[PDB]
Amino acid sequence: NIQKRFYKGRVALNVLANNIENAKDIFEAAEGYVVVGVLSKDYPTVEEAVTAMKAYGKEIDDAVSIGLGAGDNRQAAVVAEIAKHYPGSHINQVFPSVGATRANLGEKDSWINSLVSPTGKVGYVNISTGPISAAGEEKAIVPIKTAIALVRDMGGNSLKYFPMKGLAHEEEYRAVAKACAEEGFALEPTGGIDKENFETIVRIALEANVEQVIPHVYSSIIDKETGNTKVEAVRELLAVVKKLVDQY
């Protein structure tokens, strides 16, 4: 399960894999403190996504993160369906699909995040992150702790805070980290995270006393030519995680 993937129980990386070969190199470079993203959108049917994800899982101790694909809400229903057949270790989901996904897991255990977004209003998140809700003229903009309580009632384990646009919403992010710490809830900062702002983003969460943090680092560490997530980048991220977690 996912609890094995947190360095000292505090931080697990989430990065994408180009293919199974890349997944294996990533898992090794992270010393196992990682869940590896496999994207539902890369496969034409639920059936094919399941078979692929089981194949990844076999090589990396089922440390698979089931992905939408950069938070793409068109894939929410697909991910909910996949959960009937494959739990992975970690599941990315939009806010309104968390309940369906948890129900679909049935007797299987997994960890499900809930995508909520910056609003420009410190203290408040946008929970309207499914297909119909994201197409609304207005969004449901709610205090962070009220979103956490709803995610709990729906069977989720964390907030996926996306799109962060790196540090563009840093003040808002600090408030989300504080609320998560106060409620004993996990946090997954995502969007525009790179080797340069990674330390800051993870430190903010640990300094706030968020117990479990899963930073997501996607295209910024992907080699454009080969498409592979770079093993040296994964090393560098892990080095940061250790430096920070050892102190906090």
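Numbers follow the displayed sequence, beginning with 1.
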{"property": "Between 81-89 and 126-134 (mean CA B-factor, as deposited), the higher", "result": "81-89"}
{"property": "Mean Cα B-factor comparison, 7-15 or 225-233, giving the higher one as deposited", "result": "225-233"}
{"property": "Largest Cα B-factor, entry values, listed residues 163, 99, 106, 143", "result": "106"}
{"property": "Member of 169, 139, 74, 178 with the greatest C-alpha B factor (per the PDB record)", "result": "74"}
{"property": "Residue 219 - Cα temperature factor, lowest/middle/highest third of chain", "result": "highest"}
{"property": "Chain-relative CA temperature factor third for residue 192", "result": "middle"}
{"property": "Third of the chain, ranked by Cα B-factor, where residue 212 sits", "result": "middle"}
{"property": "Residue 186, C-alpha B-factor rank within chain (lowest, middle or highest third)", "result": "lowest"}
{"property": "Third of the chain's Cα B-factor distribution that residue 66 belongs to, per the entry", "result": "lowest"}
